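Coordinate inspection notes
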Amino acid sequence: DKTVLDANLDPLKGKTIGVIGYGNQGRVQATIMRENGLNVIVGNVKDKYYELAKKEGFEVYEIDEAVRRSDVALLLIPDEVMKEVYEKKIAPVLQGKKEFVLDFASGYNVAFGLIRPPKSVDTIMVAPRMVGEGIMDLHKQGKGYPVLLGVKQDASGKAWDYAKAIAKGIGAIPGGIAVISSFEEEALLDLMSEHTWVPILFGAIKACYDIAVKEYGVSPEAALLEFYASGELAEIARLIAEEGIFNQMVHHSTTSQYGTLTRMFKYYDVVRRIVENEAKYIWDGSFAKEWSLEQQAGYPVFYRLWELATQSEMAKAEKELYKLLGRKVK
Amino acid sequence: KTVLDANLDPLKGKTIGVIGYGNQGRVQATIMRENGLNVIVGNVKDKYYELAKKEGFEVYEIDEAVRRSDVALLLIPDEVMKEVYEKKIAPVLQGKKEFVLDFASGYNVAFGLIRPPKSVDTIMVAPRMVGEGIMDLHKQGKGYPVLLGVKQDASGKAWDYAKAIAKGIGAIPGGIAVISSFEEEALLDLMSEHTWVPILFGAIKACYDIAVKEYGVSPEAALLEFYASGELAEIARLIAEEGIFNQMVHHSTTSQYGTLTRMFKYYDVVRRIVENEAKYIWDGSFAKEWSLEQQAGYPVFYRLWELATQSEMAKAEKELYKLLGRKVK
Amino acid sequence: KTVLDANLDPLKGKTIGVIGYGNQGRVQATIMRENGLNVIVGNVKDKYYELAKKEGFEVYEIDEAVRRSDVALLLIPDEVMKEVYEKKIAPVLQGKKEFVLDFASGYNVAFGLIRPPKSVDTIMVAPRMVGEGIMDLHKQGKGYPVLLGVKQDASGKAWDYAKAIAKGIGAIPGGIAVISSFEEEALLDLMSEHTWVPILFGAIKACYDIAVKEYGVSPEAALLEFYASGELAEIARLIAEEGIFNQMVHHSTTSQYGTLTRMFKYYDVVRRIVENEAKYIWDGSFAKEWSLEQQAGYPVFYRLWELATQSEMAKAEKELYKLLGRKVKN
Amino acid sequence: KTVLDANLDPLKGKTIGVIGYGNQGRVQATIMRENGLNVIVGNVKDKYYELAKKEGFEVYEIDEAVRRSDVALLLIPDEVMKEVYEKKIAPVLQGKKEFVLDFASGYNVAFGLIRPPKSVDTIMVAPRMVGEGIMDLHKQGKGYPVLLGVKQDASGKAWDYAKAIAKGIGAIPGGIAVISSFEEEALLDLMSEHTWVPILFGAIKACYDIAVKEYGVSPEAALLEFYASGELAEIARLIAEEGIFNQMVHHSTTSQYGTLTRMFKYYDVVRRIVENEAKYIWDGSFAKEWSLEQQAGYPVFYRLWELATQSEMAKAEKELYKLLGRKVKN
Ligand SMILES: NC(=O)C1=CN([C@@H]2O[C@H](COP(=O)(O)OP(=O)(O)OC[C@H]3O[C@@H](n4cnc5c(N)ncnc54)[C@H](OP(=O)(O)O)[C@@H]3O)[C@@H](O)[C@H]2O)C=CC1
Ligand SMILES: NC(=O)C1=CN([C@@H]2O[C@H](COP(=O)(O)OP(=O)(O)OC[C@H]3O[C@@H](n4cnc5c(N)ncnc54)[C@H](OP(=O)(O)O)[C@@H]3O)[C@@H](O)[C@H]2O)C=CC1
Ligand SMILES: NC(=O)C1=CN([C@@H]2O[C@H](COP(=O)(O)OP(=O)(O)OC[C@H]3O[C@@H](n4cnc5c(N)ncnc54)[C@H](OP(=O)(O)O)[C@@H]3O)[C@@H](O)[C@H]2O)C=CC1
Ligand SMILES: NC(=O)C1=CN([C@@H]2O[C@H](COP(=O)(O)OP(=O)(O)OC[C@H]3O[C@@H](n4cnc5c(N)ncnc54)[C@H](OP(=O)(O)O)[C@@H]3O)[C@@H](O)[C@H]2O)C=CC1
Ligand SMILES: O=C(O)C1(C(=O)O)CC1
Ligand SMILES: O=C(O)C1(C(=O)O)CC1
Ligand SMILES: O=C(O)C1(C(=O)O)CC1
Ligand SMILES: O=C(O)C1(C(=O)O)CC1
Ligand SMILES: O=C(O)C1(C(=O)O)CC1
Ligand SMILES: O=C(O)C1(C(=O)O)CC1
Ligand SMILES: [Mg+2]
Ligand SMILES: [Mg+2]
Ligand SMILES: [Mg+2]
Ligand SMILES: [Mg+2]
Ligand SMILES: [Mg+2]
Ligand SMILES: [Mg+2]
Ligand SMILES: [Mg+2]
Ligand SMILES: [Mg+2]
């Protein structure tokens, strides 16, 4: 229903695009838009990334200089420090604008109300659902990739004619898929993966090791070679991506199939209660209050939990094994 | 403990017979063919025989391979090793005054489903690898890990065989080889297929069923974030080659902080899950669950593919790939 | 939705192979011979054969019969069908190019105990009827209900057969036919024999064990009120004729008020009894319970008669029938 | 294990910069000037300066002092050390090639609130003493205990400094010095101010609130038995001289038996109180609780003073001291 695959590039012919940020994002969406023939500029603080970006012909300006030069901008800076740069530099300028847009990449700072643009402005979202550099490994092929789209304010009548038209210029369409969503759904799916099935994976290996070694008499050097020092995860995911999450398992054996399914439906009702509680804790914005306060205090907890992980009983006896193998490692 | 090398000299004058020619047969066979070792093959005559007839091997019947040789590698599955030991092979091994029997994975020994005689030496060589990449890793000359173990020894040299085998299947020198048992491997090679495999698939199934049903989300987008992307295919490449707690410097703090605060918040539940799942295996209460299913007709095994492959998630995933250009089943 | 009629020509010009001649075999058999149709009768040779040879039918052996015919009605139980498909029939069915295998109870398909090949059609025709009365009804001319379903179709005409068979077994036109699956066939045909059958027998056993041993009642009277009378037939005949909430006007309000006030007071308990009993069947965790019992020697099945048939209730029941003149136990 | 002595030459030939002149600054300061050592005294100028200029010391401003010297003893609280490192000092320390920063309480390091650079050594020297009695002890000649630790070393001599400092502050030889970390420094220094301090004050508050309001007791007597007398000091002086399980022979059996029978009856409850109170510190979930309070305006710390100082106990205590002649509240 909401599938979107093609859209014209005609609105932007005659409009300036101001890229913001030149991190490991800006070098991708800007370049794919440069060799697609659109007058585009760049804005950053001056560091190694400007000197790099000075070696590429880009018309780098200061930030507030670009955002009075241009017509639209792709605010490709992290979800951490977009608040300071909108509050301090940019937003006192946008009242000097009357026909303008502000294209975001991660809506953590909109759906939770941390930033509030005015009403004479259009806001949109263009989120690559892709690692970001693999795009450059793929865009040469002419095969695009998925994106996401959304709107907060449309005080110009043509928010969608911009958003649908942007994705055609960053190598996403025609050739891939473009999906229609909001910011409120953008931040949830972007967060619920970083809260629910990521740590519960790392939380099990930590407890399939702490049970195999300290209780059941197992060699530490072997316990890791079965969990996550082999090509299991490195190729379980490639198969899930290209075949089907419930269609790869014919490749494995029945002893691997039967034990999986009998225990997947046996624990669907105790990760449900983990996720329901972890989504209500985000839908209500009770995570921004947790993460926005940590930046004020000095990162006191974020500093400790690295020193428990990186000094535990697993990493200690893992760090030696890679020394006994010869990997590229700490 | 670790072994990193051992001479191939015990196995210059004895016959190796590999059984099975499947995902693992060709690779431990071919590598030992190019390493100067008179080796043979034994199987039923089928499509895997036919190319194996096109490869110069002495592909023979099973019990003829085992009156011929004194050593063999029984690379057949953990399911139907029992039928072939009780029926075809084991009545022969009484007629072998000395022999060695090299298993691959010890699901059929540590649980006592098979019991070789006492005039025999049992050993173990388990590739901890994907299986096919080993051949690409034989050409390179970079080996891979293995596991070793013993059930019964009546030669004083159960180890000089096992250590010396792994030198000849492209595992060492260049990789390592770790010392374990059958009892320890059938746990690690099962407790992965019980604990962190399903609880992964059990969360996506409930991070979707909560997003579409209760929170008003597009189905086509819910899949593009979880596991239809390039994400999952490279968070493993980094965990494998950098460190499970050292990839995270690449992500941002919004991705690091939410992870760690919730990993230590749930270590006391997946611990409580795995304790139950290990006691349900250490006591052999899984072989009784899996050996009975084979005897009934696979009745539960047949249903649970029919729920997974007809659920609310796969229905809308099976179509999104049609909107990308990938196959369907 | 609702089927009422279909042709009969898709089966004319073709042979039908009746398998089994039990208390259901003869019914669908004779009705199709009374309709003038070339049908054969495959069986093992016992008293049912010598009977079945006195009835004019042609008998061949099973693997000869299913070869001779074009479709067959495998009217053998759900218990020893697995042995006869595995041993005799199924090695023959690869020697055919179009064929059908008409089942009666799909307990042996939906649970995957049998798996027919790819070049074959599978269907279901379940008489939802007493079975014996159908002969008492074919001498009347009014049909009866059936059920229909498909497991696989490789002819494009899995339905023009199934819809057409039911007209030939005295079910339509005049009754109806309902469209379902095998997966729904076994559930409804099992949820009755798990949920409201035993809970009925489980209450009488506990309305007797409470009236005699705790409240001082004559045993000869406790049975005359529960189930020594035909009053249940006057609840069943009326429920079949009038309506399960319309047979109660015929009773009095003292019988209505106590019923309804307690039907809704316990709907929230038999719900939980049934939810557990349906999840224990949908997942196939009953075939594993019933297919193992056959393999052990029927050890539990043998005991539970000797508790029922030697209990406190049947003892004092078996004598009261001797004190009436009904069939005391053979 | 147990340190008892070390050299003093690694600091001779190098200046020492005393920061802070509080009730701890003067002590380690004067003892090092009494030992004939070139030391300076960096401070803000207040009554502690004018004092500190009357004592002969050289005062410079902070960023002038820490520039002048080679090492410094940052004897300022754990509360406003973050502001002075962030604002003044730390931008200077990149202009040095070898330096040391000797702390006193590692609440501001182990919780990551401060992060010194890579070209710097960090150490810990914690007086485990009242602090004022050290001057009463330096006029005696007997030293006292300390603690030692390291956060980073880039000289190979993080220990020949730390071991050597403690000899210069009247701690060794004659006392001892113990080897620990910052992470253990803050825990033991906090677990005492969380666990056995309040549970003491929490019992007297509930041995008074039960004796007066429920069991009919004179308020003027309930205090004279608990803590109006020096009997606590007669329990503390003896525990320091004799042994925490050897001060009890001096008491009677009625005082011995009731103690021990109830110490082991409640060891399994204060265990659970402390396990929760240590996991709430090891994870740094206290700095997030204390660093936020400073930002809001101290709203809770103002209230909980007004409940204690207006309670039912202090009211009738503040008058009894007026009825004795001790320091009634200022
Ligand atoms: N796994 C991941 O982390 C992935 C994230 N993404 C998204 O893709 C993009 C990632 O590109 P990446 O290159 O990783 O971004 P980086 O963080 O790598 O670079 C950030 C950019 O912002 C500038 N910058 C950083 N901090 C500040 C600051 N405090 N004040 C001002 N400017 C600052 C940087 O330096 P200068 O200004 O000198 O250039 C640079 O241009 C982001 O939008 C991210 O959300 C999507 C997929 C993968
Ligand atoms: N899954 C993996 O990647 C890993 C596998 N292993 C172990 O190695 C072995 C691999 O098993 P798998 O890869 O499944 O082998 P395959 O299923 O890949 O091939 C099966 C082989 O066994 C023969 N075979 C199959 N069924 C029968 C039977 N019923 N009777 C007789 N012969 C039969 C086949 O035909 P023919 O007889 O004509 O050859 C073929 O040679 C297992 O022991 C497994 O534990 C080790 C590490 C990981
Ligand atoms: N209970 C009912 O009223 C209902 C019945 N049905 C279905 O109709 C069928 C009725 O089965 P049922 O009534 O039990 O049949 P019967 O028990 O009435 O008669 C059994 C038939 O099967 C043959 N037979 C029995 N055991 C074997 C065996 N071990 N090997 C070979 N042949 C055997 C018998 O002998 P021979 O082969 O010599 O004839 C006879 O023909 C079932 O599928 C049931 O689900 C449908 C609706 C309700
Ligand atoms: N309190 C105790 O029971 C003991 C504490 N300690 C430890 O030793 C140190 C003692 O701290 P404390 O005794 O509280 O020091 P004091 O409170 O005794 O004196 C405070 C010192 O710091 C300076 N100062 C106070 N506030 C500020 C400020 N906001 N900005 C700049 N300078 C300031 C004061 O004025 P100026 O700068 O003008 O001198 C003075 O020199 C801490 O590290 C503590 O952990 C050691 C033993 C016992
Ligand atoms: O915000 C994040 O961390 C991303 C994710 O969805 O994983 C990259 C966008
Ligand atoms: O079938 C199994 O047991 C294997 C596993 O991955 O655990 C392949 C070896
Ligand atoms: O035996 C069975 O399964 C039947 C039932 O009534 O449930 C007769 C069909
Ligand atoms: O037998 C019945 O149904 C009666 C009732 O109304 O309770 C006694 C008449
Ligand atoms: O810093 C603290 O909190 C101290 C304590 O009372 O334990 C003074 C040392
Ligand atoms: O106050 C006490 O503890 C005494 C006792 O005998 O218990 C008087 C000494
Ligand atoms: Mg994210
Ligand atoms: Mg993610
Ligand atoms: Mg496995
Ligand atoms: Mg595995
Ligand atoms: Mg039934
Ligand atoms: Mg029924
Ligand atoms: Mg303290
Ligand atoms: Mg203290």
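As documented in the archive entry, the model was determined using cryo-EM at 3.35 Å resolution.

As annotated in the PDB entry, chain B carries the name Putative ketol-acid reductoisomerase 2 and is attributed to Saccharolobus solfataricus. The header of this PDB entry states its title as "Cryo-EM Structure of Sulfolobus solfataricus ketol-acid reductoisomerase (Sso-KARI) in complex with Mg2+, NADPH, and CPD at pH7.5". UniProt annotates chain B under Sequence similarities with the comment "Belongs to the ketol-acid reductoisomerase family."

Within the PDB entry, the label attached to chain A reads Putative ketol-acid reductoisomerase 2, and the organism entered is Saccharolobus solfataricus. Reading the Sequence similarities entry of the UniProt record for chain A gives the comment "Belongs to the ketol-acid reductoisomerase family."

On to the site of ligand 3. Residues and elements named next belong to chain C. Surrounding ligand 3, one finds 14 residues, the nearest of these being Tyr21, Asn23, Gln24, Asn43 and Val44. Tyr21 is positioned with one of its backbone polar atoms (N or O) 3.0 Å from an oxygen atom of ligand 3. Here an oxygen atom of ligand 3 sits 3.2 Å away from a polar atom, N or O, in the main chain of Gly22. Look at ligand 3: alone it shows 910 Å² of surface, and the protein chains cover 68% of it. Each residue belonging to the shell around ligand 3 can be placed in one class, and the counts come to nine nonpolar, five polar and no charged.

What follows covers the nonpolar core. Core analysis: the biggest nonpolar cluster contains 120 residues, and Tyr228 of chain A together with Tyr227 of chain B have the highest contact counts within it. Sort the elements by how many residues they give to this core and helix α7 (residues 183-197) of chain A lands first, with seven residues. Setting aside chain neighbours within four positions, we find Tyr228 of chain A in contact with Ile205, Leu233, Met314, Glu318 and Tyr322 of chain A together with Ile239, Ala240 and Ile244 of chain B. In this structure, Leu76, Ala105, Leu149 and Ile180 of chain A belong to the second largest nonpolar core, which totals 37 residues.

Take helix α12 (residues 267-282) of chain B next. All names here are of chain B. The end-to-end C-alpha separation of α12 is 22 Å, in line with the 22 Å expected for 16 residues at 1.5 Å each. When we look at burial in α12, the residues that qualify are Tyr267, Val270, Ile273, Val274, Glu277, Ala278 and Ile281. Across the axial projection of α12, the buried residues extend over an arc of 130°, all falling on one side. For α12, the exposed residues set more than 90 degrees away from the buried face come down to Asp268, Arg272 and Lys279. Downstream of α12 by a residue or two, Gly284 has a phi angle that is positive, lying close to 65°.

Turning our eyes to something else, we now look at the side chain of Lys96 of chain B. Residues and elements named next belong to chain B. Within the secondary structure layout, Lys96 lies in the loop between α4 (81-93) and β5 (100-103). Reaching out from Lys96, the side chain makes a polar contact with the backbone oxygen of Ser69 at a distance of 3.3 Å. Setting aside chain neighbours within four positions, we find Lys96 in contact with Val66, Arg67, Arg68, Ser69 and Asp70.

A cluster of nonpolar residues, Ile235, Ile239, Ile244, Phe245, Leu260, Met263 and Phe264 of chain D, forms a patch on the protein surface that exposes about 640 Å² of accessible area. Put simply, the parts of the chain that give the nonpolar patch at least two residues each are α10 (231-241) and α11 (253-263) of chain D.

Attention now moves to the domain arrangement of chain A. Residues and elements named next belong to chain A. Along its sequence, chain A is organised into domain 1 (1-181) and domain 2 (182-330). Of note, the centres of domain 1 and domain 2, computed from C-alpha atoms alone, are 32 Å apart. The interface is formed by 20 residues belonging to domain 1 together with 14 residues belonging to domain 2. Summed over both partners, the interface of domain 1 with domain 2 comes to about 1,400 Å²; 64% of that surface belongs to carbon and sulfur atoms. For domain 1, the biggest contributors to the area lost against domain 2 are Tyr108, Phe112 and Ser181; these three give 41% of the whole. Run the count over domain 1 and domain 2 and you get three salt bridges. Among the salt bridges present, the one from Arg129 reaches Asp190, with a minimum N-O distance of 3.8 Å. At the junction of domain 1 and domain 2, the tally comes to two residue pairs in polar contact. Of all elements in the fold, only β6 (122-126) and β7 (146-151) reach the threshold of two or more residues within the side of domain 1 that touches domain 2. Its residues placed into classes, the side of domain 1 that touches domain 2 shows 12 nonpolar, five polar and three charged.

Residue and element names in this part refer to chain A. Lining the immediate environment of ligand 1, one finds 14 residues, of which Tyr22, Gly23, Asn24, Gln25 and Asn44 sit closest. Contact distances for ligand 1 include 2.9 Å between an oxygen atom and a backbone N or O atom of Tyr22. A distance of 3.2 Å separates an oxygen atom of ligand 1 from a polar backbone atom of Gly23. Residues of the shell around ligand 1, tallied by class, amount to seven nonpolar, six polar and one charged.

Residues and elements named next belong to chain B. A two-sided burial pattern is seen for strand β2 (residues 39-42), the buried positions comprising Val39 and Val41 on one face and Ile40 and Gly42 on the other. By the bridge criterion, four bridges tie strand β1 (residues 16-19) to β2 in an arrangement that is parallel. When the bridges of β2 are listed, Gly17 appears paired with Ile40. With helix α1 (residues 25-33) bridging β1 and its parallel neighbour β2, the resulting β-α-β unit is right-handed. Across two bridges, β2 lies against strand β3 (residues 59-60) in parallel orientation. In the strand pairing of β3, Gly42 is matched with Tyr60. The parallel pair β2 and β3, bridged by helix α2 (residues 47-53), forms a crossover whose chirality is right-handed.

Another aspect to go through is the packing of helix α7 (residues 182-196) of chain C against helix α12 (residues 267-282) of chain C. Residue and element names in this part refer to chain C. At a minimum axis separation of 10 Å, α7 and α12 run at an interaxial angle of 140°. Taken together, the axes of α7 and α12 lie oblique to each other. The crossing of α7 and α12 is right-handed. Where α7 approaches α12, its residues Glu183, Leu187, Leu190, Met191, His194 and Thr195 are matched on the opposing element by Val274, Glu277, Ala278, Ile281 and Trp282. Taken together, the residues of the contact of α7 with α12 sort by class into seven nonpolar, two polar and two charged.

Another point: the interface of chain B and chain A. Contacts between the two partners involve 107 residues from chain B and, on the opposite side, 111 residues from chain A. Put simply, chain B and chain A have seven salt bridges between them. Close ionic contact of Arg263 of chain A with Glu277 of chain B constitutes a salt bridge, the shortest N to O distance being 3.3 Å. For the interface between chain B and chain A, the tally reads 29 residue pairs in polar contact. For the side of chain B that touches chain A, the residue count by class is 61 nonpolar, 21 polar and 25 charged.

Our next topic: the arrangement of the chains. Where five pairs of chains are in contact, the pair with the most contacts is made of chains A and B. If you take every C-alpha in chain C and every C-alpha in chain D, the smallest gap between them is 39 Å, and the two do not touch.

It is worth spelling out the packing of aromatic side chains at this point. Applying the stated criterion across every chain yields a total of 28 aromatic pairs over all chains. Both rings, one in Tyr22 of chain A and one in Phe58 of chain A, keep their centres 5.5 Å apart while their planes meet at 80°; by these two values the pair is edge-to-face. Pair noted here: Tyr22 of chain A is in the loop between β1 (17-20) and α1 (26-34) and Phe58 of chain A is in the loop between α2 (48-54) and β3 (60-61), with a separation of 36 residues, a long-range link. For the pair shown, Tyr22 of chain A and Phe58 of chain A are each scored as buried. Geometrically, the ring pair formed by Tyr298 of chain D and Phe301 of chain D is edge-to-face, given 6.1 Å between the ring centres and 65° between the ring planes. Grouping aromatic residues by their ring pairs yields a cluster made of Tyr258 of chain A together with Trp290, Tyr298, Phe301 and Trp305 of chain B.

Moving on to helix α9 (residues 219-226) of chain B. Among the eight residues in α9 of chain B, seven count as buried, and that is most of the element. Where α9 of chain B is buried, its residues contact β7, β8 (177-180) and α7 of chain A together with α8 (198-208) and α15 (312-320) of chain B.

Strand order in this open sheet of eight strands is β3-β2-β1-β4-β5-β6-β7-β8 (chain B), and the pairing throughout is mixed. Of all the strands in the sheet, just β3 and β8 (178-179) of chain B have a single pairing partner and so form its edges.

What counts, and at which threshold
Sequence order sets the numbers: each chain starts from 1, possibly unlike the entry numbering, and residues with no coordinates are not included. Whichever chain is written first becomes A and whichever ligand is written first becomes 1, with later ones labelled in order. As shown, the structure covers only some chains of a larger assembly, and all values describe those chains. Side-chain numbers here rest on the full set of heavy atoms in the structure, without hydrogens or water. UniProt positions are given in the numbering used here, feature names are shortened, and annotations may be inferred rather than shown by experiment. The criterion for a residue being near a molecule or strand is simple. One of its heavy atoms has to lie within 4 Å of it. Whenever two N or O atoms come within 3.5 Å, that pair is a polar contact, provided that in protein one can donate a hydrogen and the other can accept it, and provided that, for residues adjacent in sequence, both atoms are side-chain atoms. We get accessible surface area from the Shrake-Rupley algorithm with a probe of 1.4 Å; when it comes to residues, only the shown protein chains can shield them. Residues are sorted three ways: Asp, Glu, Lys and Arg are charged, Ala, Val, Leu, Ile, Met, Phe, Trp, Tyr, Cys and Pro are nonpolar, and all the rest, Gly among them, are polar. By convention a nonpolar core is built from buried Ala, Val, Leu, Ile, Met, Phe, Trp, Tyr and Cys residues, the set being connected through side-chain atoms within 4.5 Å. Classification of residues uses two cut-offs on accessible area relative to the type maximum, computed with a 1.4 Å probe and protein chains only: under 20% is buried, over 50% is exposed, and between them is partly exposed. Note on conventions: DSSP H or I runs of at least 4 residues are helices, E runs of at least 2 residues are strands, and numbering of each starts at the N terminus. The contact criterion used throughout is that any non-hydrogen atoms of two residues lie within 4.5 Å. Multiplying one less than the number of residues by 1.5 Å gives the expected span of a helix. Comment: arc refers to directions from the helix axis out to C-beta atoms. Patches in this entry comprise residues that are over 30% relatively accessible and not in a salt bridge; like charges within 9 Å are linked, as are nonpolar side chains (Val, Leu, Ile, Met, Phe, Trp, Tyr) within 5 Å. A side-chain nitrogen of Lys or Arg and a carboxyl oxygen of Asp or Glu constitute a salt bridge if their distance falls within 4 Å. Throughout, the edges of the domains are those of an automatic or database domain assignment. Buried area adds together the accessible area that both of two parts lose upon being put together, with accessible area traced by a 1.4 Å probe. When DSSP finds at least two bridges between two strands, those strands are taken to pair. Orient the strands so they point away from the viewer, and a crossover whose first-strand-to-second-strand path over the helix runs clockwise is right-handed. To obtain each axis, a line is fitted to C-alpha atoms, and for helices this fit is confined to the stretch in contact; angles are then taken between N-to-C directions over 0 to 180 degrees. Orientation is classified from the angle alone, with under 35 degrees giving roughly parallel, over 145 giving roughly antiparallel, 65 to 115 giving roughly perpendicular, and any other angle giving oblique. A clockwise turn of the near helix away from the far one marks a right-handed crossing, whereas an anticlockwise turn of less than a right angle marks a left-handed crossing. Two rings from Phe, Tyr or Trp (for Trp, the six-membered ring) form a pair when their centres sit within 6.5 Å of each other. Planes less than 30 degrees apart are called stacked, planes more than 60 degrees apart edge-to-face, and all others tilted.

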